[PDB]
Amino acid sequence: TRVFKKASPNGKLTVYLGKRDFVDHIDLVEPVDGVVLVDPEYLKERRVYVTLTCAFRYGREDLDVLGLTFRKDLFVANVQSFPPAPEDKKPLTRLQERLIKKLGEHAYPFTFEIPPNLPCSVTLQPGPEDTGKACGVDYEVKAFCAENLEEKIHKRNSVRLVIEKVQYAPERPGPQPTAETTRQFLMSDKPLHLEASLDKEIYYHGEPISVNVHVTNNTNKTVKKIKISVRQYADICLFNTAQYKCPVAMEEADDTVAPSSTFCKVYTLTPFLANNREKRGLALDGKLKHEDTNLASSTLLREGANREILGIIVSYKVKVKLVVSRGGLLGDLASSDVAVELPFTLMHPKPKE
Amino acid sequence: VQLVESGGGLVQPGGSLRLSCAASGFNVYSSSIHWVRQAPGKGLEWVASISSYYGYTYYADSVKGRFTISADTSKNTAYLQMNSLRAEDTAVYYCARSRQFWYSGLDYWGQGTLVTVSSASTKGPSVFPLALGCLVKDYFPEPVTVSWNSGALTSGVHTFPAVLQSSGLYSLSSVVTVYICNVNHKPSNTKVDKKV
Amino acid sequence: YXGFX
Amino acid sequence: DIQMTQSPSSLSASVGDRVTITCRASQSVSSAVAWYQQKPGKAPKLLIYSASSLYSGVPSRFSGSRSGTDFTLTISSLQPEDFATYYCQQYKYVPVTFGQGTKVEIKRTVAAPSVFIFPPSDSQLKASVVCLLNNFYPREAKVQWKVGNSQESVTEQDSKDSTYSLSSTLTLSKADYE
Amino acid sequence: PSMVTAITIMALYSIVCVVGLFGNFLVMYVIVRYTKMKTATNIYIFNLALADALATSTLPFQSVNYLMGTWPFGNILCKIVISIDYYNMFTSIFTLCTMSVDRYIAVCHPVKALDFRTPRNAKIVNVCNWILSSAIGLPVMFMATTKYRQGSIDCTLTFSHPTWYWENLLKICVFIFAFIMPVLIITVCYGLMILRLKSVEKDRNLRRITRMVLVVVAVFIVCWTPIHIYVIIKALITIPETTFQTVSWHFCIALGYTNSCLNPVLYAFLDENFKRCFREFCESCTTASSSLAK
């Protein structure tokens with residue numbers, strides 16, 4: 001068994017974490033438990049604290065606007081590791097006991113119970129090179145020696161570890177996505193009717209997505225082209241919540257449906273990161289530092305949860321759009337669009353132990 | 001659930017090949033594809049790797065500039081084009097698959113294709129007796145089959161692996177002890193019967 | 001502005 | 001570039017014995033070490049990954065372990081189907097490097113080679129002497145010059161007696177031969 | 001002659017000229033060589049500094065037009081000066097407005113600002129402002145002939161159309177397009193900015209931001225208002241021409257440029273990245289692993 005360790009720049013205190021990815025179950029999050037090793041001789045009267053912080057960044061690392069930082073702290077939890085506060089009665093995890101046994105008596109535990117309804121680690125890809133700092137939600141564990149909490153804390157006497165709050169695909173599959181639409185343009189005759197569906201609801205990253213499309217063009221109006229697209233929606237909720245849109249994958253077939261006819265087909269679209277490196281602000285899964293990440297996983301939420309979850313909420317839909325070519329007495333080059341939306345879940349399977 | 005390799009055979013130094021690895025049951029975007037070669041009587045040496053989810057492409061320092069790996073995602077196939085084939089490229093090439101997300105070793109491997117970059121030509125095995133074994137010389141290319149008494153004493157014979165002689169042409173021997181030995185060269189389709 | 005005229 | 005060194009380069013164990021193969025990494029690969037098994041004429045098969053995790057379907061007798069940069073594959077009760085070459089890959093960094101390989105072989109009592117010498121047939125010199133060690137054990141054996149560089153070939157371990165066989169050829173001149 | 005009431009005008013047109021040209025040259029140099037124009041705010045500050053320098057370069061021509069009691073230069077000089085003056089007043093104020101709305105969306109709409117604030121978009125906006133002000137500038141340039149007025153050669157604007165109509169047209173359409181649309185945009189955007197900053201140590205930064213935005217809008221409406229009010233007063237009904245009149249009519253013209261003098265102090269030499277650049281002109285361990293025996 002291995003543990004992750006980091007040390008202060010002066011090397012006095014060092015933080016040990018059993019792992020750096022913490023699974024966020026909908027009901028509760030796995031607690032962040034760890035150990036801090038100090039030396040009471042260095043701390044004449046100082047106290048070492050550990051804080052867990054959920055930081056969301058609005059934009060680029062630069063101030064560049066009036067000298068202010070576009071960085072909110074959505075969640076900050078703090079604990080006084082040393083001296084061991086007699087006030088609390090928190091028990092000791094098995095890994096914490098093993099670390100305290102391994103290290104000396106100068107090893108003191110810390111534990112953080114992350115509350116539910118908090119965002120996971122997502123990073124907004126900025127497309128081309130503009131800044132060296134990523135944009136999105138992150139979780140940070142910060143150990144520091146200080147006389148009191150309200151104090152500017154020295155950078156050589158503090159360790160910071162980036163940890164991960166992750167979610168995995170639900171154990172049980174959900175209902176098969178499906179969508180319907182019945183549309184008539186000038187109400188001449190029986191209308192155009194589009195029906196789309198997916199093969200399943202939960203897909204894994206890299207796995208192809210099959211869209212079964214069925215069109216009954218009962219009117220006299222020809223449809224020329226059919227676009228299937230996989231689109232990522234990033235609800236970046238903040239003060240005055242917004243929503244982001246990005247077409248992640250696309251297949252634009254030139255299949256035509258004659259008037260008063262029928263057309264059934266299956267389109268296979270695979271979303272991958274190779275062709276989405278030029279799209280600024282794309283929700284990526286948010287690794288620890290610059291590393292190999294992928295398109296952000298769908299954020300799972302409770303059925304009766306607070307709709308105003310701060311941070312980035314990721315969703316995925318498949319838009320099936322029939323472009324019906326328009327023209328009557330005067331033949332214009334404009335055309336109408338009949339579209340359906342199929343929501344789906346794009347997640348990582350739970351690791352097998 | 002299966003990897004099938006094709007495109008290996010006799011080459012000349014400076015020539016080119018194109019090995020194809022068809023992947024059945026795998027998605028090129030949820031898995032990375034590697035080419036690993038094993039030299040005759042040597043260990044495994046990784047050659048190339050492609051990750052279609054990222055468009056990443058890696059080569060070993062001994063094949064950079066010469067070997068190029070690509071993928072046809074529609075057919076779920078991985079191709080390795082080998083140019084400027086040096087004589088040290090004779091090997092058996094396996095196409096292996098790994099999980100794209102959390103690589104956990106090369107789970108699946110193909111049967112492997114033999115690539116031979118010898119500059120020699122197809123020749124016939126000359127048979128010499130040993131007064132009781134036989135030796136076949138200049139038996140290029142491999143394989144070459146041999147059997148005592150046209151298959152009578154098949155159990156009680158020792159056949160040694162073909163050794164690449166100094167000239168490049170191979171050489172093989174077989175022996176039996178308490179007759180006749182028949183030897184067949186398949187690349188040249190030659191049958192020779194000797195009586196010791 | 002403001003000068004000339 | 002990381003060099004992974006396997007020990008021993010070849011070992012001879014018996015059915016039921018506990019076999020241990022050691023793999024030392026030059027640099028520090030954290031746990032990205034896999035153990036693979038290749039039988040002659042067949043593709044390798046993944047046995048363990050992450051230096052401890054058994055691959056799906058692999059018999060439980062195989063087990064991996066790590067201590068620092070020193071990894072170990074242990075077969076608890078060796079079986080006749082568990083005698084092949086074992087390789088040690090490290091996939092922490094690019095390129096991924098493999099070990100030299102450890103060939104597990106069956107153990108038998110020491111056997112005496114049956115040395116034979118065969119001169120070059122007259123139909124050839126119209127030019128290769130050969131020395132033949134028949135059905136010996138263990139693998140290691142030397143050849144004694146008797147009438148340039150001699151080429152030696154050794155078979156696989158015999159399926160019947162778990163023994164070997166060796167043959168060395170030498171092309172000589174007509175000065176000492178006549 | 002050079003009496004103490006006749007020299008103060010050259011004092012104004014000299015100190016304002018030197019401070020404007022000097023500050024704008026300093027900030028343009030530090031932006032182009034050191035900061036290298038690698039943001040949207042740097043693009044905006046360089047464009048504003050260029051426009052302000054071009055506007056403030058007109059002052060020597062106006063000062064020596066005053067003292068000489070005439071315009072000594074010539075037809076081409078009279079047109080170039082007048083068009084530079086008008087064009088670059090318009091461009092100065094429009095760049096102020098675009099920078100204000102840029103800060104407004106970078107504060108109130110940060111996630112929209114994340115994609116709508118690329119340096120490509122800043123470059124587009126500058127070109128747009130320049131083209132918008134150019135349309136106004138071209139008529140001014142064409143209609144700015146020199147008439148040998150009896151005793152002078154004075155350089156004025158001549159509208160051979162029904163005169164007292166088009167002159168008041170331009171005089172009021174410079175008072176609405178270059179005074180009240182900007183005083184509306186800046187005030188509105190900075191008000192909404194401080195509202196969204198208050199709707200959320202943080203109070204110290206809020207108070208600093210407020211003390212700076214209020215002084216920005218205050219210096220704008222204190223420099224640019226007197227001359228506009230004064231032109232309106234001069235255009236309603238006549239005024240006596242005396243000492244107070246002829247020194248106030250210049251003190252106002254000099255505040256009009258004093259805005260362009262004080263812009264570097266408020267926008268550039270108050271910026272955080274720019275203060276750093278001006279100063280230039282004048283440790284984290286690695287995450288390892290360790291064993292844990294069971």
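- For this deposited structure, the header cites cryo-EM as the method used and 2.80 Å as the resolution.

- As annotated in the PDB entry, chain E is Mu-type opioid receptor,Vasopressin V2 receptor from Mus musculus.
- Quoted verbatim from the Sequence similarities field of the UniProt record, the comment on chain E reads "Belongs to the G-protein coupled receptor 1 family."

- Going by the PDB entry, chain B carries the name Fab30 heavy chain and comes from synthetic construct.

What to know about the UniProt feature "transmembrane region" in chain E
Residue and element names in this part refer to chain E.
Working step 1: UniProt annotation of "transmembrane region" refers to residues 5–29, 43–67, 79–101, 122–143, 167–191, 209–235 and 244–267 when read in the numbering used here.
Working step 2: With 100% helix and 0% strand, the stretch residues 5–29 has end C-alpha atoms that lie 37 Å from each other.
Working step 3: Across residues 43–67, helical content stands at 92% and strand content at 0%; the span's end C-alpha atoms are separated by 38 Å.

Section: the sheet that holds strand 13 (residues 144–148) of chain B
Residues and elements named next belong to chain B.
Working step 1: Pairing is antiparallel across the open sheet formed by 3 strands, whose spatial order is 13-16-17. Both outer strands of the open sheet, strand 13 and strand 17 (190–194), are each paired with one neighbouring strand and no more. Each adjacent strand pair in this sheet contributes to an overall mean axis angle of 15 degrees, direction not counted.
Working step 2: Looking at chain direction, strand 16 (residues 181–185) and strand 17 are connected through 5 bridges and run antiparallel. Residue pairing across strands places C181 opposite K194, the latter belonging to strand 17.

A word on the UniProt feature "disulfide bond" in chain E
Working step 1: Sulfur atoms of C78(E) and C155(E) sit 2.0 Å from each other, so the disulfide annotated by UniProt is realized in this structure. Residue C78(E) is located in helix 4 (residues 75–108), and its partner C155(E) is located in the loop between helix 6 (119–142) and helix 7 (163–198); the two are separated by 77 residues in the primary sequence.

So, the pattern of salt bridges
All names here are of chain A.
Working step 1: Here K12 ties to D39 by a salt bridge, and the two come within 3.9 Å at their closest N and O atoms. Highlighted residues: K12 in the loop between strand 1 (2–7) and strand 2 (14–17) and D39 in the loop between strand 4 (32–37) and strand 5 (47–57), separated in sequence by 27 residues.
Working step 2: Between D199 and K200 there is a salt bridge whose closest N-O contact spans 3.8 Å.
Working step 3: Through salt bridges with shared partners, a single ionic network connects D199, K200 and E207.

Quick notes on the packing of aromatic side chains
Working step 1: With a centroid separation of 5.1 Å and 65 degrees between ring planes, the pair formed by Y29(E) and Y34(E) is classed as edge-to-face.
Working step 2: Taken together, the ring pairs connect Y29(E), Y34(E), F269(E), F274(E), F278(E) and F281(E) into an aromatic cluster.
Working step 3: Lying over the aromatic face of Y79(B), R18(B) brings its terminal NZ or CZ to 3.6 Å of the ring centre.
Working step 4: Positioned above the aromatic ring of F26(B), the side-chain terminus of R97(B) is 5.0 Å from the ring centre.

So, the environment of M28(E)
Residues and elements named next belong to chain E.
Working step 1: Among the structural elements, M28 can be located in helix 1 (residues 4–35).
Working step 2: Residues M28 and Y190 lie 162 residues apart in sequence; the distance between their C-alpha atoms is 25 Å.
Working step 3: Contacts of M28, omitting those with residues within four sequence positions, involve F46, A49, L50 and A53.

Here we look at the packing of helix 1 of chain E against helix 10 (residues 272–281) of chain E
Packed helices, taken two at a time, are described by the angle between their axes plus the distance between the axes.
Residues and elements named next belong to chain E.
Working step 1: Axis separation between helix 1 and helix 10 bottoms out at 11 Å; the angle between their running directions is 85 degrees. Judged on the interaxial angle alone, helix 10 and helix 1 are roughly perpendicular. Residue-level contacts link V27, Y29, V30, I31, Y34 and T35 of helix 1 to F274, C277 and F281 of helix 10.

Observations concerning the pairing of strand 3 (residues 19–25) of chain D
Residue and element names in this part refer to chain D.
Working step 1: Judged from the 4 bridges that link them, strand 1 (residues 4–7) and strand 3 form a sheet pairing that is antiparallel. Within the sheet, the bridge partner assigned to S7 lies in strand 3 and is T22.
Working step 2: Alignment of strand 3 against strand 8 (residues 70–75), held across 6 bridges, turns out to be antiparallel. Residue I21 lies in a different strand from strand 8, and its bridge partner there is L73.

Observations concerning the interface of chain A and chain E
Working step 1: Chain A puts 34 residues into the contact, and the matching count from chain E is 32 residues.
Working step 2: Put simply, the parts of the chain that give the side of chain A that touches chain E at least two residues each are strand 1 and helix 1 (94–102) of chain A.
Working step 3: In the sheet, strand 1 of chain A pairs with strand 1 (residues 288–291) of chain E via 4 bridges, with the strands oriented antiparallel. Looking at the pairing, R2(A) lines up with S291(E) of strand 1 of chain E.

Some details on the packing of helix 2 (residues 40–56) of chain E against helix 9 (residues 243–268) of chain E
Residue and element names in this part refer to chain E.
Working step 1: The interhelical angle for the contact between helix 2 and helix 9, taken along N-to-C directions, is 155 degrees, at an axis separation of 9 Å. It follows that helix 2 is roughly antiparallel to helix 9 by the angle criterion. Our pair here, helix 2 against helix 9, has a crossing hand that is left-handed. Contacts between helix 2 and helix 9 involve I45, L48, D52, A55 and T56 on the former and, on the latter, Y257, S260, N263, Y267 and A268.
Working step 2: The class makeup of the residues in the contact of helix 2 with helix 9 is 6 nonpolar, 3 polar and 1 charged.

Thoughts on the interface of chain A and chain B
In many reports, interface size means the accessible area that the parts give up when they come together.
Working step 1: Each partner contributes to the interface: chain A provides 15 residues, whereas chain B provides 10 residues.
Working step 2: Partitioning the side of chain A that touches chain B into residue classes produces 6 nonpolar, 6 polar and 3 charged.

Description of the side chain of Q6(D)
All names here are of chain D.
Working step 1: Checked against the element boundaries, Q6 lands in strand 1.
Working step 2: A polar contact of 3.3 Å, which involves the side chain of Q6, links it to the backbone nitrogen of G101.
Working step 3: Only 3.4 Å separates the side chain of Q6 from the side chain of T102, close enough to count as a polar contact.
Working step 4: Ignoring any residue separated from it by four or fewer positions in sequence, one finds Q6 in contact with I21, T22, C23, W35, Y86, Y87, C88, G99, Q100, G101 and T102.

Things to note about the state of the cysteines
Working step 1: Through a disulfide, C21(B) is tied to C95(B); the S-S separation comes to 2.0 Å. Taking the sign of the S-S torsion, about -65 degrees here, the bridge from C21(B) to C95(B) comes out left-handed. A residue pair is termed long-range when its members are at least 10 positions apart, and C21(B) in strand 2 (residues 17–24) and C95(B) in strand 8 (residues 91–99) qualify at 74 residues.
Working step 2: One disulfide bridge connects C78(E) with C155(E), the sulfur atoms lying 2.0 Å from each other. On the sign convention where negative means left-handed, the S-S torsion of about 85 degrees between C78(E) and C155(E) marks this disulfide as right-handed.
Working step 3: In this structure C237(A) is not part of a disulfide, and its nearest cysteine sulfur, from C54(A), lies 13 Å away.
Working step 4: The thiol of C108(E) is unpaired, and the distance to the nearest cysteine sulfur, on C189(E), comes to 8.6 Å.

Focus on the domain arrangement of chain B
Working step 1: Split by domain assignment, chain B resolves into domain 1 (2–115) and domain 2 (126–194).
Working step 2: Here domain 1 of chain B and domain 2 of chain B have C-alpha centroids that lie 34 Å from each other.

Calculation rules
Sequence-order numbering is used: residues on each chain count from 1 as written, possibly diverging from the entry numbering, and only residues with coordinates are shown. Here chains are named by letter from A upward and ligands by number from 1 upward, in the order in which they appear as written. Side-chain descriptors were evaluated using all non-hydrogen atoms of the structure, hydrogens and water having been removed beforehand. Residues with missing side-chain atoms are left out of burial classes, side-chain pairs and their counts. UniProt positions are given in the numbering used here, feature names are shortened, and annotations may be inferred rather than shown by experiment. Put simply, DSSP H or I for four residues or longer makes a helix, DSSP E for two residues or longer makes a strand, and each gets a number counted from the N terminus. Any two strands between which DSSP finds at least two bridges are classified as paired. Between N-to-C directions, angles cover 0 to 180 degrees, with each direction set by a line fitted to C-alpha atoms, over the stretch in contact for helices. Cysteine sulfur atoms that pair up within 2.5 Å are treated as a disulfide. Any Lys or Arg side-chain nitrogen found within 4 Å of a carboxyl oxygen on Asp or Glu counts as a salt bridge. Aromatic rings from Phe, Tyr and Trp, taking only the six-membered ring of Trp, are treated as a pair when their centres fall within 6.5 Å; an angle between ring planes under 30 degrees marks them as stacked, one over 60 as edge-to-face, and anything in between as tilted. Here, over-ring charges are defined by two tests on the NZ atom of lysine or the CZ atom of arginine: distance to the ring centre within 6 Å, and angle to the ring normal within 35 degrees. Contacts: residue pairs with any heavy atoms within 4.5 Å of one another. Note on angle classes: values under 35 degrees are labelled roughly parallel, values over 145 roughly antiparallel, values of 65 to 115 roughly perpendicular, and the remainder oblique. The handedness criterion is simple: a crossing whose near helix is rotated anticlockwise from the far helix by less than a right angle is left-handed, and one whose near helix is rotated clockwise is right-handed. Throughout this entry, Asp, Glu, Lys and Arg are counted as charged residues, while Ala, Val, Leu, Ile, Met, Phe, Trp, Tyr, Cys and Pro are counted as nonpolar. The remaining residues, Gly among them, count as polar. Pairs of N or O atoms within 3.5 Å make up the polar contacts considered here, provided that, within protein, one atom can donate a hydrogen while the other can accept it, and that residues adjacent in sequence are counted only when both atoms are side-chain atoms. Domain limits in this description derive from either an automatic procedure or a database domain assignment.

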